[PDB]
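Undergrad: Show me the folded form of this:
(2 chains, ligands or ions: 2)
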Number of protein chains: 2
Amino acid sequence: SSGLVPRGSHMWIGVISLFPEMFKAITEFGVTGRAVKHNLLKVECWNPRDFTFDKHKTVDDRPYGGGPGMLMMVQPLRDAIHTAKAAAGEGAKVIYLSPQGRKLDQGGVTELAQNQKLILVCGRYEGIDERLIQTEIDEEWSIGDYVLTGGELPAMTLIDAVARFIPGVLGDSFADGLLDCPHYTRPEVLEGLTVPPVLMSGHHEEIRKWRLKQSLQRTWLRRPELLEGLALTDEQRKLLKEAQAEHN
Amino acid sequence: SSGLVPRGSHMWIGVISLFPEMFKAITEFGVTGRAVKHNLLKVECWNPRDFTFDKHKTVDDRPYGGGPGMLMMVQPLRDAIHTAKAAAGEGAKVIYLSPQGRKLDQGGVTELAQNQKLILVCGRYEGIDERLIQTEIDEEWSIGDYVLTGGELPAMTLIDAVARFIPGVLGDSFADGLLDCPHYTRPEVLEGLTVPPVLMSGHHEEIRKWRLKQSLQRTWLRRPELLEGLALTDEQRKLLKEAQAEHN
Ligand SMILES: NCc1cccc(CNc2ccc(C(N)=O)cn2)c1
Ligand SMILES: NCc1cccc(CNc2ccc(C(N)=O)cn2)c1
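TA: Numbering: from 1, shown residues only, chains lettered A, B, ... in the order given. Ligands and ions are numbered 1, 2, ... in the order given. Pasting the structure now:
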């Protein structure tokens, strides 16, 4: 690898997936695509299909005890995982994306971002054999309490979220553990709705305090449990009380 | 549209995105790709870039009051939204994916799945002008408490999650509001780990009760707040108590 872009904190992400082409959505486009071109982020995919030996390249298998659904076939998946681990060498944490995993939040994203090397295992069908968790997986993580057709979209969501914390990928993420304040661009009037005059004022301290107050107000109204997680500053306590008094 | 596959509950999803090619990850592959080919799911994209008039096809704009980041330019985004709404005709709910949105969970996925027509607006940069929420957006939803480079991955996560509830897309999603039980496929022994003998027993009622007990045990150990959301059946109360007594 060569180039001029500072990449001390670069991340390597190994991916195990039956649909590696899905990952073009992050490696070919936008901020993540730029990260890849600039060697800040590398996404390398192994497909269990390439580790099959039967004529029809079988990658699913029947669950012991029956059921409607299939599981990922153990041998092709295990061989793909082992190949990824050999490529990564020492220090790679292996993650399985599952609804039974630890719930991802921004704090967890920043913990994951400390790893220089990750391997992300993408389950299809009803998922993977329990014993592969014990033998191959370091951590299970969920992107949220819902079921998807595969772990690819969860894996891409985690890649994108961690990529933002790689220095140089971006040009403020839930600033203060709070929801975003309202923001505005041109025009000054839209369908009779005006930009709050403080944002046109050029008064940097007044704008900062208005934005903080609005963030505290929105977080209180939409997600009050997020405020319970915080030890508010004196300034935040006062702006929230002002917002709550104005609301009432 | 023509074909033989039953599609009474088919869904149309309009998408507003600066990177419509990202959506190939769902429309070209796997279960979602099959849904699209069989006319169960249609994903139609409008790109704000196509609604620009300046020589350089500008789609970002500066925030009033300053800041580090840009917002989506209003005119191209609004025109794209209006074109999607005209294509959808009556009854289309407009969704903006944002961290300040309602938190998606499987119950919310099933509520969203009742809509025959959705429009999903994908924010890039720091997001979109507050007044477009009031004028264009019916509902805001978040896929989870983390920030991504754009609303594309959130949008694709919601499409995939709702697609599973379209009759015919699949061949059991958090069965019972509980985490998955352990499951197993070949071989019978893996790195000295055996398949629980009950799953080889062929006793359908014994297997059902073991799986339910294991689901209740895993949910209790990993996500005990999920049990507080439930009114357990008599059988579930007894299997949980058995699992908790065995654990202690
Ligand atoms: N039986 C459901 C199941 C169990 C493991 C893996 C998958 C694949 N699909 C996924 C994976 C993760 C997530 C998530 N919420 O992170 C959602 N869907 C499915
Ligand atoms: N300033 C952060 C911001 C606000 C709105 C929209 C985006 C775009 N990226 C997103 C959108 C949704 C989600 C989510 N959690 O659903 C995450 N990232 C960003």
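Undergrad: what about stretch A:65-84, near ligand 1?
TA: No - between stretch A:65-84 and ligand 1, judged by C-beta under 6 Å from any ligand atom, nothing touches; the nearest distance is 7.4 Å. Backbone N, C-alpha and C define where each C-beta goes, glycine included.
Undergrad: ok, residue A:39 - contacts?
TA: Taking C-beta atoms under 8 Å, 6 or more residues apart in numbering or on different chains, we find residue A:39 in contact with A:1-3, A:5, A:7, A:10.
Undergrad: just to confirm, which helix or strand has it in it?
TA: Using DSSP states H and E, residue A:39 sits in no helix or strand.
Undergrad: just the one 4 residues further on next, same as before
TA: Under the criterion DSSP H and E, the helix or strand holding residue A:43 is strand A:41-46.
Undergrad: which residues sit against that strand?
TA: So strand A:41-46 is contacted by A:10-17, A:20, A:23, A:26-27, A:32, A:35-36, A:80-81, A:83-84, A:87, A:159, A:163, A:166, A:169 (C-beta under 8 Å, 6+ apart).
Undergrad: Which ones among those map onto strands?
TA: A:11-16 (DSSP state E).
Undergrad: Ligand 1: which of those is nearest?
TA: residue A:16 (12.5 Å; C-beta to the nearest ligand atom).
Undergrad: Any idea how many residues pack against that closest one?
TA: As a burial measure, residue A:16 scores 29 neighbours (other C-beta atoms under 10 Å in any protein chain shown).
Undergrad: How about the contacts made by the residue sitting nearest the centre point of chain A?
TA: With distances taken as C-alpha atoms, centre = their mean, residue A:158 lies nearest the centre of chain A, 2.7 Å away. Applying C-beta under 8 Å, 6+ apart to residue A:158 gives the contacts A:95, A:97, A:104, A:109, A:112, A:120, A:141, A:143.
Undergrad: which residues does the fifth one contact?
TA: The contact partners of residue A:112, taken as C-beta under 8 Å, 6+ apart, are A:95, A:118, A:141, A:158, A:162.
Undergrad: Name the residues of chain A found near ligand 2, please.
TA: Going by C-beta under 6 Å from any ligand atom, the residues of chain A near ligand 2 are residue A:180.
Undergrad: List, one by one, the residues from chain A near ligand 1.
TA: So chain A meets ligand 1 at A:97-99, A:123, A:126-127, A:142-144, A:146-148, A:150-151, A:154 (C-beta under 6 Å from any ligand atom).
Undergrad: one more time with 8 Å, if that's ok
TA: Within chain A, the positions near ligand 1 by C-beta under 8 Å from any ligand atom are A:69, A:96-101, A:104, A:122-124, A:126-128, A:141-151, A:153-154, A:157.
Undergrad: quick revisit: list only buried entries from the contacts of residue A:39.
TA: A:7, A:10 (16 or more other C-beta atoms under 10 Å in any protein chain shown).
Undergrad: can you name the two of the contacts of residue A:39 that are farthest apart?
TA: A:2 and A:10 (12.7 Å; C-beta to C-beta).
Undergrad: related to what we said a few turns ago, restricted to buried residues, select the contacts of strand A:41-46 in PyMOL.
TA: Typed into PyMOL, the line below selects the buried ones among the contacts of strand A:41-46, using 16+ other C-beta under 10 Å:
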select buried, chain A and resi 10+11+12+13+14+15+16+17+20+23+26+27+32+35+36+80+81+84+159+163+166+169
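Undergrad: So which residues of chain A form strands?
TA: A:11-16, A:41-46, A:60-61, A:71-72, A:93-103, A:117-121, A:139-142, A:189-190, A:193-194.
Undergrad: sorry, back to before: and the furthest pair within the ones in strands among the contacts of strand A:41-46?
TA: Taking C-beta to C-beta, no two of the ones in strands among the contacts of strand A:41-46 sit farther apart than A:11 and A:16, at 16.7 Å.
Undergrad: any idea which helix is longest in chain A?
TA: helix A:204-222 (DSSP state H).
Undergrad: Which residue ranges make up each domain of chain A?
TA: Domain ranges of chain A: A:11-164, A:175-247, per curated CATH domains.
Undergrad: Stretch A:113-127 vs chain B: in contact?
TA: Yes - judged by C-beta under 8 Å from any C-beta of the partner chain, stretch A:113-127 and chain B are in contact via A:124, A:126-127.
Undergrad: tell me how far the ends of that stretch are from each other?
TA: 25 Å (C-alpha to C-alpha, to the nearest Å).
Undergrad: for the spatially closest residue to residue A:101 that is not a sequence neighbour, which residues make a bridge with it?
TA: Counting by C-beta to C-beta, 6 or more residues apart in numbering or on different chains, the nearest residue to residue A:101 once its immediate chain neighbours are dropped is residue A:140, at 3.4 Å. With DSSP bridges applied, residue A:140 shows beta-bridge pairing to residue A:96.
Undergrad: And for residue A:140, the neighbour number?
TA: Residue A:140: 16 neighbours (other C-beta under 10 Å).
Undergrad: circling back to that earlier point, now tabulate the contacts of residue A:39 in TSV and tack on distance to chain B.
TA: Formatted as TSV, these follow (distance: C-beta to the nearest C-beta, whole Å):
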residue	distance to chain B
A:1	22
A:2	25
A:3	21
A:5	17
A:7	18
A:10	17
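Undergrad: Can you tell me which of the contacts of residue A:39 is closest to residue A:208?
TA: residue A:5 (31.5 Å).
Undergrad: residue contacts, the residue nearest to that closest one when sequence neighbours are not counted?
TA: The spatially closest residue to residue A:5, leaving aside those adjacent along the chain, is residue A:38, at 4.2 Å (C-beta to C-beta, 6+ apart). Shown in contact with residue A:38 (C-beta under 8 Å, 6+ apart): A:3, A:5, A:7, A:168.
Undergrad: for the second one, phi and psi?
TA: Taking degrees, to the nearest 10, you get phi -70, psi 130 for the backbone angles of residue A:5.
Undergrad: measure it to residue A:35 for me?
TA: For residue A:5, the distance to residue A:35 (C-beta to C-beta, to the nearest Å) stands at 9 Å.
Undergrad: Residue A:75 touches residue A:51, doesn't it?
TA: Yes - assessed by C-beta atoms under 8 Å, residue A:75 is found in contact with residue A:51 at 7.4 Å.
Undergrad: how close does residue A:191 sit to residue A:147?
TA: For residue A:191 relative to residue A:147 (C-beta to C-beta), the value is 39 Å.
Undergrad: between those two, which one's more packed in?
TA: Between residue A:191 and residue A:147, residue A:147 has the larger neighbour count (other C-beta under 10 Å), namely 19 against 10.
Undergrad: From residue B:180, how far off is that one?
TA: When residue A:147 is compared with residue B:180 (using C-beta to C-beta), they lie 9 Å apart.
Undergrad: thinking again about what came up before, ranking the domains of chain A by burial, who's on top?
TA: Most buried of the domains of chain A, by mean neighbour count (mean count of other C-beta atoms under 10 Å in any protein chain shown): domain A:11-164, with a mean of 20.
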